[PDB]
Amino acid sequence: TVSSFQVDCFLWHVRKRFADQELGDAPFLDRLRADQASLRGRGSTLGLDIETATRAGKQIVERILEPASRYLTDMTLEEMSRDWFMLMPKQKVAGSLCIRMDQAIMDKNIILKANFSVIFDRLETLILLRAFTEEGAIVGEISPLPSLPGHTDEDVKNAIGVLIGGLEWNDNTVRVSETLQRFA
């Protein structure tokens with residue numbers, strides 16, 4: 001736990017300069033004040049001096065220091081936070097994507113929007129994809145899963161094809177975003 005105190009004193013000193021120069025922030029200054037108060041309290045019960053602590057924090061932190069992507073959005077944050085429900089649900093998991101749709105839709109023109117990253121000429125990772133009807137109704141969703149594996153473009157295109165097939169079954173004309181038309 002002494003290492004945590006070393007990092008604490010070192011980070012306090014390196015944060016001192018931010019208030020020493022830039023626009024600063026009154027809560028930031030109060031945080032620094034209460035910080036150094038608690039750090040004096042620690043150094044009292046730990047015994048060691050701060051001049052013998054920041055030097056150790058330097059060598060304890062410096063070792064922790066370390067492909068040109070963008071971000072396209074077809075949906076707003078609201079368009080991905082909106083609630084919904086599938087009356088007759090039809091869902092599964094594929095690789096690392098949760099596919100769901102509503103089977104109770106028919107003869108509806110559907111539009112697929114998506115928000116995701118992009119590298120070079122193709123996708124990298126999908127944040128969310130939902131299916132809307134021309135009358136503004138959510139019917140399908142391809143959500144990412146909290147898995148360490150992840151996903152790339154091939155299985156993403158496969159999931160989109162699965163969704164399009166499941167929708168096109170019930171006489172539903174289905175089209176994708178011009179973005180997905182360009183990248184999938």
# chains A, B, ... in the order shown; residues from 1 in each chain; ligands from 1
>>> select_by_dssp(residues="chain A", states="helix (DSSP H, G or I)", output="PyMOL selection string")
chain A and resi 2-21+26-46+54-61+77-81+153-169+178-183
>>> write_last_selection(atoms="C-alpha atoms", output="tab-separated table (two decimals), in the first residue's frame")
chain	number	residue	atom	x	y	z
A	2	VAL	CA	3.11	2.17	0.26
A	3	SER	CA	3.33	2.13	-3.55
A	4	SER	CA	-0.14	3.68	-3.71
A	5	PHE	CA	1.09	6.50	-1.45
A	6	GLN	CA	4.12	7.01	-3.71
A	7	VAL	CA	1.88	7.30	-6.78
A	8	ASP	CA	-0.42	9.61	-4.81
A	9	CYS	CA	2.32	12.09	-3.86
A	10	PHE	CA	3.83	11.98	-7.36
A	11	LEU	CA	0.46	12.60	-9.03
A	12	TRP	CA	-0.21	15.45	-6.61
A	13	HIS	CA	3.05	17.12	-7.60
A	14	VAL	CA	2.48	16.60	-11.34
A	15	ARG	CA	-1.05	18.01	-10.96
A	16	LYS	CA	0.28	21.07	-9.12
A	17	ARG	CA	1.59	22.43	-12.44
A	18	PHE	CA	-1.82	22.29	-14.13
A	19	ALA	CA	-3.18	24.79	-11.60
A	20	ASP	CA	0.14	26.64	-11.60
A	21	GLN	CA	-0.38	27.53	-15.28
A	26	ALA	CA	-11.60	26.24	-8.00
A	27	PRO	CA	-12.81	22.69	-7.20
A	28	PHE	CA	-9.45	21.49	-8.58
A	29	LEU	CA	-7.60	23.74	-6.13
A	30	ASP	CA	-9.76	22.60	-3.21
A	31	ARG	CA	-9.12	19.00	-4.26
A	32	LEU	CA	-5.38	19.67	-4.27
A	33	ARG	CA	-5.61	21.28	-0.81
A	34	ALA	CA	-7.55	18.39	0.74
A	35	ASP	CA	-5.21	16.02	-1.12
A	36	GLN	CA	-2.05	17.43	0.44
A	37	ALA	CA	-3.79	17.51	3.82
A	38	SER	CA	-4.61	13.80	3.58
A	39	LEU	CA	-1.09	13.12	2.27
A	40	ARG	CA	0.46	14.81	5.29
A	41	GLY	CA	-1.86	12.58	7.31
A	42	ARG	CA	-0.57	9.52	5.45
A	43	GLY	CA	3.10	10.51	5.76
A	44	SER	CA	2.47	10.91	9.48
A	45	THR	CA	1.22	7.34	9.90
A	46	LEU	CA	3.62	5.89	7.30
A	54	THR	CA	7.83	11.25	-5.10
A	55	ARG	CA	11.25	10.00	-6.24
A	56	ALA	CA	9.97	6.43	-5.89
A	57	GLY	CA	6.70	7.33	-7.61
A	58	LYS	CA	8.69	8.60	-10.60
A	59	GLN	CA	10.31	5.20	-11.23
A	60	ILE	CA	7.06	3.42	-10.30
A	61	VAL	CA	4.98	5.36	-12.86
A	77	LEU	CA	-27.39	8.95	-28.69
A	78	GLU	CA	-31.17	9.12	-28.25
A	79	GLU	CA	-31.68	6.87	-31.28
A	80	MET	CA	-29.58	4.24	-29.47
A	81	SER	CA	-30.97	4.88	-25.96
A	153	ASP	CA	-16.17	-7.13	-40.56
A	154	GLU	CA	-16.99	-10.61	-41.90
A	155	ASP	CA	-19.21	-11.74	-39.03
A	156	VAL	CA	-20.75	-8.25	-38.92
A	157	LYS	CA	-21.77	-8.54	-42.57
A	158	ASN	CA	-23.05	-12.04	-41.78
A	159	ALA	CA	-25.22	-10.67	-38.96
A	160	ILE	CA	-26.58	-7.95	-41.25
A	161	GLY	CA	-27.43	-10.57	-43.86
A	162	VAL	CA	-29.17	-12.69	-41.21
A	163	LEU	CA	-31.25	-9.69	-40.15
A	164	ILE	CA	-32.12	-8.83	-43.75
A	165	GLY	CA	-33.19	-12.42	-44.44
A	166	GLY	CA	-35.31	-12.70	-41.30
A	167	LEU	CA	-37.04	-9.43	-42.18
A	168	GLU	CA	-37.41	-10.12	-45.93
A	169	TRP	CA	-39.18	-13.37	-45.03
A	178	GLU	CA	-25.99	4.63	-47.40
A	179	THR	CA	-23.07	4.23	-44.98
A	180	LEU	CA	-23.64	0.47	-44.72
A	181	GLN	CA	-24.37	0.44	-48.46
A	182	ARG	CA	-20.82	1.81	-48.85
A	183	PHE	CA	-19.13	-0.41	-46.22
>>> atom_distance(atom1="CA of residue 134 (chain A)", atom2="CA of residue 151 (chain A)")
29.7 Å
>>> closest_residue(among="A:23, A:86, A:94, A:65", to="residue 140 (chain A)", atoms="only C-alpha atoms")
A:86
>>> closest_residue(among="A:174, A:53, A:48, A:127", to="residue 74 (chain A)", atoms="only C-alpha atoms")
A:127
>>> select_by_dssp(residues="chain A", states="strand (DSSP E)", output="ChimeraX atom specification")
/A:72-73,89-94,97-102,110-119,122-133,138-144,174-176
>>> write_last_selection(atoms="N, CA and C atoms", output="short mmCIF file (atom, residue, chain, number, x, y, z; two decimals), in the first residue's frame")
data_model
loop_
_atom_site.label_atom_id
_atom_site.label_comp_id
_atom_site.auth_asym_id
_atom_site.auth_seq_id
_atom_site.Cartn_x
_atom_site.Cartn_y
_atom_site.Cartn_z
N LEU A 72 -18.13 6.99 -37.56
CA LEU A 72 -19.32 7.36 -38.32
C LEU A 72 -20.56 7.06 -37.49
N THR A 73 -21.56 7.94 -37.58
CA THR A 73 -22.81 7.79 -36.84
C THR A 73 -23.98 7.96 -37.80
N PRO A 89 -40.84 -11.91 -30.06
CA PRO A 89 -39.39 -11.75 -30.23
C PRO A 89 -38.76 -12.93 -30.94
N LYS A 90 -37.64 -12.66 -31.61
CA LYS A 90 -36.90 -13.67 -32.36
C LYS A 90 -35.43 -13.27 -32.29
N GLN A 91 -34.67 -13.93 -31.42
CA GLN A 91 -33.32 -13.50 -31.11
C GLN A 91 -32.38 -14.69 -31.06
N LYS A 92 -31.09 -14.38 -31.15
CA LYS A 92 -30.02 -15.35 -31.01
C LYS A 92 -28.70 -14.61 -30.79
N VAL A 93 -27.63 -15.39 -30.65
CA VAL A 93 -26.27 -14.88 -30.57
C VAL A 93 -25.47 -15.48 -31.71
N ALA A 94 -24.66 -14.66 -32.36
CA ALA A 94 -23.79 -15.10 -33.45
C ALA A 94 -22.39 -14.55 -33.20
N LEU A 97 -22.27 -11.17 -31.24
CA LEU A 97 -23.31 -10.17 -31.48
C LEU A 97 -24.66 -10.76 -31.12
N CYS A 98 -25.44 -10.00 -30.34
CA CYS A 98 -26.81 -10.38 -30.02
C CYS A 98 -27.73 -9.82 -31.10
N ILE A 99 -28.31 -10.71 -31.89
CA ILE A 99 -29.25 -10.34 -32.94
C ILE A 99 -30.66 -10.53 -32.39
N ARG A 100 -31.50 -9.50 -32.51
CA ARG A 100 -32.91 -9.68 -32.17
C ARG A 100 -33.77 -8.94 -33.18
N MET A 101 -34.98 -9.46 -33.37
CA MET A 101 -35.97 -8.79 -34.21
C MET A 101 -37.36 -9.19 -33.75
N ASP A 102 -38.35 -8.54 -34.35
CA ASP A 102 -39.76 -8.84 -34.11
C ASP A 102 -40.32 -9.55 -35.33
N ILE A 110 -38.27 -1.12 -44.28
CA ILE A 110 -37.40 -1.03 -43.11
C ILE A 110 -36.07 -0.43 -43.53
N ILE A 111 -35.50 0.39 -42.65
CA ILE A 111 -34.21 1.05 -42.87
C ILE A 111 -33.27 0.66 -41.74
N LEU A 112 -32.05 0.26 -42.10
CA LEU A 112 -31.04 -0.13 -41.11
C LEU A 112 -30.04 1.00 -40.94
N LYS A 113 -30.02 1.59 -39.74
CA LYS A 113 -29.00 2.56 -39.34
C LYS A 113 -27.99 1.89 -38.42
N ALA A 114 -26.81 2.51 -38.32
CA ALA A 114 -25.76 1.93 -37.48
C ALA A 114 -24.76 3.01 -37.09
N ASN A 115 -24.16 2.82 -35.92
CA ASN A 115 -23.03 3.61 -35.45
C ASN A 115 -21.86 2.68 -35.20
N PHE A 116 -20.69 3.05 -35.70
CA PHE A 116 -19.54 2.15 -35.68
C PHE A 116 -18.29 2.93 -36.05
N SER A 117 -17.14 2.29 -35.83
CA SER A 117 -15.85 2.86 -36.21
C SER A 117 -15.47 2.39 -37.61
N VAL A 118 -14.37 2.94 -38.12
CA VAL A 118 -13.94 2.65 -39.48
C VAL A 118 -12.42 2.77 -39.54
N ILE A 119 -11.79 1.82 -40.24
CA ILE A 119 -10.36 1.83 -40.49
C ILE A 119 -10.12 1.57 -41.97
N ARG A 122 -12.89 -0.21 -44.38
CA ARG A 122 -13.92 -1.10 -43.86
C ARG A 122 -14.13 -0.82 -42.38
N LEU A 123 -15.01 -1.61 -41.77
CA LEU A 123 -15.42 -1.42 -40.39
C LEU A 123 -14.32 -1.88 -39.43
N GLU A 124 -14.45 -1.49 -38.16
CA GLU A 124 -13.59 -2.03 -37.12
C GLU A 124 -14.43 -2.62 -35.98
N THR A 125 -15.43 -1.86 -35.52
CA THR A 125 -16.23 -2.28 -34.38
C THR A 125 -17.56 -1.53 -34.41
N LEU A 126 -18.65 -2.26 -34.20
CA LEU A 126 -20.00 -1.70 -34.23
C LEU A 126 -20.47 -1.42 -32.81
N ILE A 127 -20.94 -0.19 -32.57
CA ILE A 127 -21.44 0.21 -31.26
C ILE A 127 -22.91 -0.16 -31.08
N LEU A 128 -23.72 0.03 -32.12
CA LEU A 128 -25.12 -0.39 -32.09
C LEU A 128 -25.70 -0.26 -33.49
N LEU A 129 -26.59 -1.18 -33.84
CA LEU A 129 -27.36 -1.11 -35.08
C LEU A 129 -28.82 -1.44 -34.76
N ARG A 130 -29.73 -0.59 -35.23
CA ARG A 130 -31.16 -0.84 -35.09
C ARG A 130 -31.85 -0.70 -36.43
N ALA A 131 -33.00 -1.36 -36.54
CA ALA A 131 -33.82 -1.37 -37.75
C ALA A 131 -35.08 -0.56 -37.50
N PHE A 132 -35.33 0.43 -38.34
CA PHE A 132 -36.50 1.28 -38.24
C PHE A 132 -37.39 1.10 -39.47
N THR A 133 -38.68 1.31 -39.28
CA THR A 133 -39.64 1.34 -40.37
C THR A 133 -39.89 2.78 -40.81
N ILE A 138 -39.13 0.73 -34.26
CA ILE A 138 -37.95 -0.12 -34.11
C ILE A 138 -38.38 -1.58 -34.14
N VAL A 139 -37.71 -2.38 -34.96
CA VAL A 139 -38.12 -3.77 -35.14
C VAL A 139 -36.97 -4.74 -34.91
N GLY A 140 -35.73 -4.28 -35.12
CA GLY A 140 -34.58 -5.15 -34.99
C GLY A 140 -33.39 -4.41 -34.41
N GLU A 141 -32.45 -5.20 -33.89
CA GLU A 141 -31.26 -4.64 -33.27
C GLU A 141 -30.13 -5.67 -33.29
N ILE A 142 -28.93 -5.20 -33.62
CA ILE A 142 -27.71 -5.99 -33.55
C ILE A 142 -26.83 -5.32 -32.49
N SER A 143 -26.75 -5.92 -31.30
CA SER A 143 -26.01 -5.28 -30.23
C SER A 143 -24.68 -5.99 -29.99
N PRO A 144 -23.64 -5.25 -29.62
CA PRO A 144 -22.36 -5.89 -29.28
C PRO A 144 -22.40 -6.46 -27.87
N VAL A 174 -36.47 -4.26 -47.30
CA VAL A 174 -35.49 -3.82 -46.32
C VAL A 174 -34.29 -3.21 -47.03
N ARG A 175 -33.92 -2.00 -46.62
CA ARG A 175 -32.74 -1.32 -47.14
C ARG A 175 -31.88 -0.84 -45.99
N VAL A 176 -30.60 -0.62 -46.30
CA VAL A 176 -29.61 -0.25 -45.30
C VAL A 176 -29.26 1.22 -45.46
#
>>> atom_distance(atom1="CA of residue 70 (chain A)", atom2="CA of residue 83 (chain A)")
27.5 Å
>>> atom_distance(atom1="CA of residue 67 (chain A)", atom2="CA of residue 95 (chain A)")
23.9 Å
>>> closest_residue(among="A:109, A:96, A:170, A:177", to="residue 149 (chain A)", atoms="only C-alpha atoms")
A:96
